[PDB]
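Residue numbers (the authors' numbering), protein chains in the order written: chain A, 4 to 249, 252 to 313, 316 to 750; chain A', 4 to 249, 252 to 313, 316 to 750. A prime marks a further copy of an entry chain.
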């Protein structure tokens, strides 16, 4: 009715709140059948989990996304959740991509096991009324709510009566037009051509574009009717027509009013948001839906407002059309009856009127092309895949494929590969274990996560309330950390940094005979690091100092301690792992040129070139070649069997170095020591770095066996779990469990 | 005896631990007499204060320095302590520069009031034995201990018998040679020519170089004798000769063994360090001693070891020489008897042998020059100053002068003008209130301070344990702080930063009609800030964005809120002050060219060019001139009466802006609000920054009266205490008091 499209383009029509719910059947691959298995022990209780749950049957898995500012933010949410679910599921099982089930078993569909008794009776009640089999069909729900600013600006132009009465009018107008033009959305994205056993008799009928949206599929209580003319009409009709209700949850409409506990309870408080169910899982998107699909639908929803007769008659008429479009064969074009020009013009008009992105023009044009040739529609891609009126061959094929994808970069969280690996893992644990979370910053790796009343702010993976206050204070310092350690009678090196070459020599006077290490504070691979086991000559020392300044602003000068460097990760009071790092290298095989040996080592999945990963790819760089020539070999030369050639002088993972889990070989005495050192800083999750000359021999202070070179209060955790060599150990889960003992 | 000078130059002879104790009489200027006043109420109890105390009389003030790595670190310590003492003393009183008293009053010298009863009896006991008058003489004590590394390396060459037996031998050798050649130190730095009343009869005798070191001055118990041949001999002789003891504290020697509770108690545990008392307060150094004096003495002490007969005879012989040198007239040269060539060669030899700094060669050469012409000696400068055999005219003159110095830069701590003003003040409070402290970093403004068992780590003045953990975590962020605030329903601007111009326009879509402010994250004076009260045009907006990138890496875009910006300082739960800042400016006086007006405003002591200070000097820079031309005026033009000319577009103290204390004019409602906002971050010492359009009108959320632009968790505190206009309020003391409720 209202024409606020008339309104100024400065208004943000695109503003909205998105939510995304996905249901899929867990499929047992060997048995080619529904899992018939318990909800995984890795996932977080079905009682509190916000993102992952079970819709009706125990097999049917539902992933619910937190609320999202953009369509984009919701999609990523769906991706991450789907990924956690991918890797949390039993390895034998996989997720069923199609809306239609794989095979039909009344026995297999067993009401999900829920602790709440009332849930059981309602699920039971539901089972009796419609039967177990219908509950198996899966789909995705699209939940949209309009931006307050968008709504408030719209409200100001039309009338001054009520935030709530107005919203309601608007929401109602939308739902109505949604039902009216829904057929289009169903047409573009029909994903349900056939059923293996669900459909009692339509094999003869043949493939239809969308069974799920079809009359025959989950459309009971034909007698039940709700007038959508007004919120009151819908609300009065719904309450009174409580037969379907058995509250009003049992009512099954294409678009459900939401944010309201009971129909009419919130008529007073407004429609919080509308939720759409028209969408059918899509086989080609791992998550089940595509961005383009999401934003198209968005503009489509939007067209309706712009394109604001009799609600009762027209909506009734459309069901005929929608069913017709739904029942129609995939390649078969849309009827002449459909008011296609009205929806297209509208969307076009919206874009033209509001100066929208060419991206939305790109989505409309694709919509038009599908109208031009039907294969383009989701159904058309789909038709070829179906064989013998069964896509079960295909479904298995896609479901397994996608399962491999879920396991494709085990370290990365599909939603968030941009962020630090350490945070990604933590985030993974959060999603599977059911903690609620907000990425407050992302860029800063800042997270807010909470369970119920309890809230924890963590930054960069391991920066938490548990760490004592001095840690954040001294985190940058290093020099300070040494002092409180030194005051605690702990083994330390003797070095002091000097700035601007200010009397560095005076320091040189301080330390001469003693082996010295000179390095810039930044301390990269060591493009600028100067190390003298030999006592530095005064001239030699000056040049080393000056290179440091060339490389960076602050020069660090330290005692040299001969030993092998190891990283201890301490959590609470106990060292949870230990790691050795070595300079990038390859070992000679009679057969292969060094260039080859490298290429071969880079074939490791952990080494990542395109995406950041636990290990870095080895590049036979200039720095490297020289190292090669210096060993007397060459990129081309072929090394001897078992001859280790070293590519980089100093050991770093970033340079392509190796991480080796040493937790079980390391002498326990030093693991102890690393944790006493963390205890002395009250650092809950610190990472200690000892230089140990003999890791087999036990540590004795008398022996000055070990000396703590550094102490990092944002240890990088992923390095310990994913190593070139060694087993590794899980770090991210343990921290989170300790953060939230309840959950 | 031992000749470890023979040892390799790589050994650090210079390594040592220094301490410095200074005693001065508080002098009442108007009364030209000893204060006769109670130890100040500003200072920290005489019961626990480590740095500031009273030696014998209540007037006599003693400043004790923590222990110092360099001579340099000790001097600065002395400076800071002397400065705190300068400004803590009553304004009427001042510190007496000369060792000799100003006037002599048996009545005026009243035993210092100490809570401990035993102290009283010992002070009483002391008063009866030697009388009140002698206790008034003041001097500085020089405490040196040799570096363990220096001692351990020395120990290794000579023998393997004992850390302790060896140290003892060494220490003993030093003290003995000290007594033997002490005369030289007394000669160079004699500062006691005459006494106004102390000296009963030597006016006829005439000016002597050093009365304080003279036999006649505080040299009682002539009968008492201690053999210094051996530690045992000194120890046995001392215990038995307990007559002087009345423990052994009453024994008064030029060099006292220290670090040992009782003579011989620690013979088993070693001489911890030697302490020298030869030095007499020096009139020309505000602190009473000079670096050159300190390092010379250092090499001198060192000569003795290199220059390692009969201890008893020679030490006895020297007292004759020392007294002679002490008694001798200031201009009068050193006797032919003095083995000057031996001490000089020795020091020379030390320098030559150990490859020491030319700086030490510079100190020796000065020593030689004083030998050449005696005026150079401290006494010679001094002789001219004394008039009518009384330097009391001079002492008043110097003491007052120095008092003005103590008050010279009230904001700066003389020891530490290098460090952030906020930290300097805090440090001041620490020193006067008697808290113990270590500057752990200095560069990072990192402090460890403690009282007894209790320890607090503070960084940058106001970073403490009291601040909740999220603050250090979110301190950098700003964007994060907004969120937890926004979640707490607090008034906020609508801005979001975009990085690398990534869809900034999309944001521009988000905000168009709304007044916008665009600025780089760095946010300097605004060399790169672009502000549009006017809605930004798309083209205009792009250029503003791009300038931000030219100026800095991250671009910030925010809502514009019209109002005047104010800084609230919140402590615990209560806003303790409020400040307005305005762009640098000058007001027209018919008479003066703008260049003049500036020069005149820069005459303010708070504006600092040479040293950093609460206010910055105004420079008629290019940026400024243009602002001038733009107002249509010019550096040269003469402005109208009361016409405010604005030098800088945006208001900053750094650019030369004005700080104005607004604490008492500000509407209380907003002071409240700023503290609720700090409470919501659990920020103990945060600094809130509101934009308030009407500071006289009360704040109403309905009115959206105020909006919190920023929130700083390292507020800069000095700005509030020292303002161009307004009274200001003390911030540094209150924080420290709350940190340590006991002290």
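Ideal Cβ placement from N, Cα and C applies to all residues, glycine included.
Answer with yes or no whether the minimum CB distance from residue 487 of chain A to chain A' is below 8 Å.
-> yes
Would you say residue 377 of chain A and residue 191 of chain A are within 8 Å of each other, going by their C-beta atoms?
-> yes
Tell me whether residue 217 of chain A' sits in a helix, a strand or coil according to DSSP, three-state version.
-> coil
Cα-Cα separation, residue 240 of chain A' to residue 749 of chain A' | 44 Å
Backbone CA spacing between residue 732 of chain A and residue 509 of chain A' [nearest angstrom] | 39 Å
Is the stretch 79–86 of chain A touching the stretch 289–299 of chain A in the sense that three or more CB pairs, one from each, lie closer than 8 Å?
-> yes
Would residue 337 of chain A' pass as a contact of residue 386 of chain A' if the rule is Cβ separation under 8 Å?
-> yes
What does residue 480 of chain A reach in chain A' if we use C-beta pairs closer than 8 Å?
-> 453, 464, 466, 470, 479
Check the Cβ-Cβ distances between residue 448 of chain A and every residue of chain A', and say whether any is below 8 Å.
-> yes
Interface residues of chain A around residue 490 of chain A' at Cβ under 7 Å?
-> 447
Contact set between residue 15 of chain A and chain A', taken where Cβ atoms lie within less than 8 Å = 516, 517
Please work out which residues of its chain come closer than 8 Å, Cβ to Cβ, to residue 45 of chain A, disregarding the five sequence neighbours upstream and downstream, and give them in chain order.
-> 91, 439
Boundaries of the alpha helix (DSSP H) in which residue 89 of chain A' is found, first to last residue = 74–91
First and last residue of the uninterrupted beta strand (DSSP E) at residue 576 of chain A = 571–578
At what residues does the alpha helix (DSSP H) containing residue 666 of chain A' begin and finish?
-> Unbroken run through residue 666 of chain A' is the beta strand (DSSP E), 665–668; no alpha helix (DSSP H).
Can you name the residues of chain A whose CB is closer than 7 Å to the CB of residue 520 of chain A'?
-> 13
Using a cut-off of 7 Å between C-beta atoms, extract the partners of residue 484 of chain A' located in chain A.
-> 448, 451, 453
Provide the residue(s) that pair with residue 443 of chain A in DSSP beta bridges, ordered along the chain.
-> A:457
In angstroms with no decimal places, state the Cα-to-Cα distance between residue 264 of chain A' and residue 563 of chain A.
-> 35 Å
Where DSSP assigns a beta bridge to residue 614 of chain A, which residues make up the other side?
-> A:622
Got a sec: is the Cβ-Cβ distance from residue 548 of chain A to anything in chain A' below 8 Å?
-> no
What three-state label does DSSP hand residue 25 of chain A' in the structure shown?
-> strand
Which ranges would you report for the alpha helix (DSSP H) in the stretch 365–447 of chain A' if only whole runs of at least 4 residues count?
-> 365–379, 385–392, 399–413, 428–440
If you drop the 5 nearest sequence neighbours on each side, which residues of the same chain put their C-beta closer than 8 Å to that of residue 173 of chain A'?
-> 5, 149, 154, 157, 310
Any chain A beta carbon closer than 8 Å to residue 677 of chain A' | no
Pairing CB atoms from the stretch 667–676 of chain A' with CB atoms from the stretch 472–489 of chain A', are three or more of them under 8 Å?
-> no
Starting from the beta carbon of residue 367 of chain A, find every residue of chain A' whose beta carbon is closer than 7 Å, and list them in chain order.
-> Chain A' residues near residue 367 of chain A: none, gap ~12 Å exceeds 7 Å.
Are any of the Cβ atoms in chain A nearer than 8 Å to that of residue 476 of chain A'?
-> yes
How many angstroms separate the CA atom of residue 703 of chain A from the CA atom of residue 737 of chain A?
-> 24 Å
DSSP beta-bridge partners of residue 694 of chain A' | A':576, A':719
When DSSP labels each residue in this structure, what does residue 556 of chain A' get in the three-state scheme?
-> helix
Enumerate, from N- to C-terminal direction, the unbroken beta strand (DSSP E) stretches of 3 or more residues contained entirely within the stretch 115–149 of chain A'.
-> 143–149
Contacting residues, own chain, Cβ-Cβ under 7 Å from residue 52 of chain A (five flanking each side not counted) = 46, 441
Extent of the continuous beta strand (DSSP E) run through residue 280 of chain A | 278–281
Out of A':437, A':466, A':64, point me to the one whose CA is closest to residue 458 of chain A''s CA.
-> A':437
Residue 539 of chain A (DSSP reduced to helix, strand or coil) | strand
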